[PDB]
Each structure stands twice: as structure tokens, then as C-alpha cells.
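Visitor: A single structure is presented below for examination.
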Amino acid sequence: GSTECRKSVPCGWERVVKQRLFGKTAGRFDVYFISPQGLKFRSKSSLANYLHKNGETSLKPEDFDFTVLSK
DNA sequence: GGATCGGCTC
DNA sequence: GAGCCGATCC
């Protein structure tokens, strides 16, 4: 069509997007990625620790895709 | 570590 | 007013 689904969702990783209920920002959107093992993460540092924890450092904090318009 | 809500900057 | 990150509770 007019919009495709290019690269934006790395394989082996899960993405979740849910809008917050109500608050001082009622209407905002929250998104986060859950490691393959089911580990939830929302911080670049925590990610750098998780990756290093398994010994794998190939992945980078810049690999995470939080955008909604792809890249 | 996990889940939910609010504070700060532009 | 809008957008992004941090603080609080368990």
C-alpha cells in the first residue's frame, strides 16, 4: 500500500505499547521492550547491564526501537 | 525486580 | 501546552 513495515522490530525481542490510565499526563503513551526471556526493561543502563550480564555485548542501547513511525 | 503514577524541560 | 524521563510502592 502506501505504508509498509520496514526494519523497526528486531527479531527475538518483544514490544509493548499501552497508554496510561489517568493522571497529570492522562493521554500520554508508554512503550517498553521485554527481553526474549521475558525480562522487562525501560532504561538504557539496565539494558547495558542485562546484555553484559549474559556476556553478550553485541546489542547496543541504540538498538532498542521505541519509535512508532518506524525508524 | 516488577508495576503504577507524576515531575521537569522545551 | 506538548513531549520525555524519574520517582514511588510492593
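Using PDB author numbering, the first residue of the first sequence is number 78, and each one after it goes up by one.
Virtual Cβ for every residue (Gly too), placed ideally from N, Cα, C.
(1) Return the bridge partner residues of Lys-137 from the DSSP annotation.
(2) Among all the DSSP beta bridges, which residues are the ones paired with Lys-95?
(3) Based on Cα-Cα distance, which residue from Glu-91, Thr-80 and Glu-81 lies nearest to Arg-119?
(4) Checking 8 Å against the spacing of the C-beta atoms, do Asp-142 and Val-86 come in under that value?
(5) Using C-beta distances below 6 Å, list every residue in its chain close to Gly-89, excluding the 5 sequence neighbours before and after it, in chain order.
Guide: This is what the structure gives:
(1) Per DSSP, none; premise fails for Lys-137.
(2) According to DSSP, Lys-95 bridges with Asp-107.
(3) For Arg-119, the nearest C-alpha among the options comes from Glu-91.
(4) Cβ distance < 8 Å, so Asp-142 and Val-86 count as in contact.
(5) Excluding residues within five positions, the ones whose Cβ falls inside 6 Å are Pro-113.
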